[PDB]
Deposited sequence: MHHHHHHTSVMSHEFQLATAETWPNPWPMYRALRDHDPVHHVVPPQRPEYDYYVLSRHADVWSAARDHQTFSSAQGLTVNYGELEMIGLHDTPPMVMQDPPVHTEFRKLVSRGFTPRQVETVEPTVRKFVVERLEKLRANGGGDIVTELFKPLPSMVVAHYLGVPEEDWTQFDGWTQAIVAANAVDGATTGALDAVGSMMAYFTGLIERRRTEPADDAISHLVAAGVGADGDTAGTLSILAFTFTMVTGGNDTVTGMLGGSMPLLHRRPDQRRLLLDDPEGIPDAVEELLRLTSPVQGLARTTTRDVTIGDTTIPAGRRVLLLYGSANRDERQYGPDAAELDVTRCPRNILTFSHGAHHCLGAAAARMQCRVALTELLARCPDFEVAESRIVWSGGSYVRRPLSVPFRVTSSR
């Protein structure tokens, strides 16, 4: 089908034609759900519309939620202390300013050798067994360690922390024990950082004074951030890493460029981020009428920003937008959104892609994946594999 529909595990394999049908024939697409026409919403598939909408937080608010489901915030219980990705400026501004102190070049640099060691270990394990599931053995567990790092979790607690993480990530595709452990654990770690600060985002929040004094809205705000980190920082990286496998497999010319010139790997990472776009879409809510071409979207409606389509928009990337070109150097990709909410983890995600790719090519250059045997996670916003069978 080319008909608009929110993705399911069955449709994640190949949503691209439907994006194209939208972009060509109905770029400001009105969804009127037959069973609930009142919950109509709009859909944006073109690069230019998505780029400007992502930037224009005044018109396209994050404050009501990020899906197409009206009533989201209230329904899940997030009004009083929403995550930063559901705050607009000016409120979003000060918090973002404080937490950003934990997202610097030094934080991505200090974890990189840890990332490489783990990749090496799991790739050698796969190699030795002649293959296995590269998601289960590597692409799933890997991102948790990086999130743990950015949260200042002591390494000795990472295995416990990853267990909680995996339960939460699957549920958010449900996780009561894992939620409770994390909230118990971080409440304790937050208290600890009052007297033993580190360079991480939590330490920075606490050092800058958030949560002081059994109070606590501040504390819930740091806990909400921990959940933002866990729910946004894992499945996305796994979609990047796992989604890259079929793309590289089918293009031995493109692997050649990188095998002959590994310094093209940074650039190769951007192209992979472009085509995988693990956050394929997120919504905004119009705060006033807004006209894009011939469609006026009414104030108060949800708008789905198809980052995944914008990244494949032929108007921005040319008629071959659909194909891997590791030398593209794409401009203005939408993988990490654009504007106030631009992914704080962008450098961390890029690093994990760079290390994994470098070591895949160094250690498992003759590898096979069967696209038809990839199993995609459910859920309509992030596109990531649950399993990628891998033979070496």
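- Taking the first deposited residue as 1, the stretches without any C-alpha atom are 1-11, 185-190, 410-413.
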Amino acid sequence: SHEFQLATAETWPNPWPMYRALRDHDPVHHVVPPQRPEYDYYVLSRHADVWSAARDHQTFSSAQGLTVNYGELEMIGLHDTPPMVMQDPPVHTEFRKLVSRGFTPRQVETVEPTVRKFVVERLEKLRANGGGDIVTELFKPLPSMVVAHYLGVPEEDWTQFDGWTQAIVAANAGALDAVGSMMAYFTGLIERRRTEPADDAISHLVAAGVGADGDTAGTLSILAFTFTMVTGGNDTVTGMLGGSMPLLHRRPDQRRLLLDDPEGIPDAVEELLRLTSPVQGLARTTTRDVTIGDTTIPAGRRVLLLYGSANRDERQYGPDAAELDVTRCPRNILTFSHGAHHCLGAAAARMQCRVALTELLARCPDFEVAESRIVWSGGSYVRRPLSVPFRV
From here on, numbers count along this sequence of modelled residues.
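- Coordinates for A173 are absent from at least a third of the other compared entries of this protein that model residues on both sides of it.
- Just going by the entry, 321-329 versus 342-350 on mean CA temperature factor gives the higher value to 321-329.
- Checked against the record, the higher mean CA B factor of 185-193 and 73-81 lies with 73-81.
- Across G233, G102, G264, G152, the entry's maximum B-factor at the CA atom is seen for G264.
- Within the group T291, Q166, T93, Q280, the record's highest C-alpha temperature factor is found at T291.
- Ranked by C-alpha B-factor against the other modelled residues of its chain, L126 falls in the middle third.
- In this PDB entry, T216 carries a Cα temperature factor that places it within the highest third of its chain's modelled residues.
- When the modelled residues of the chain are ordered by their C-alpha B factor, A173 lands in the highest third.
- In this PDB entry, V382 carries a Cα temperature factor that places it within the lowest third of its chain's modelled residues.
- Annotation for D88: C-alpha temperature factor in the lowest third relative to the rest of the modelled chain, per the entry.
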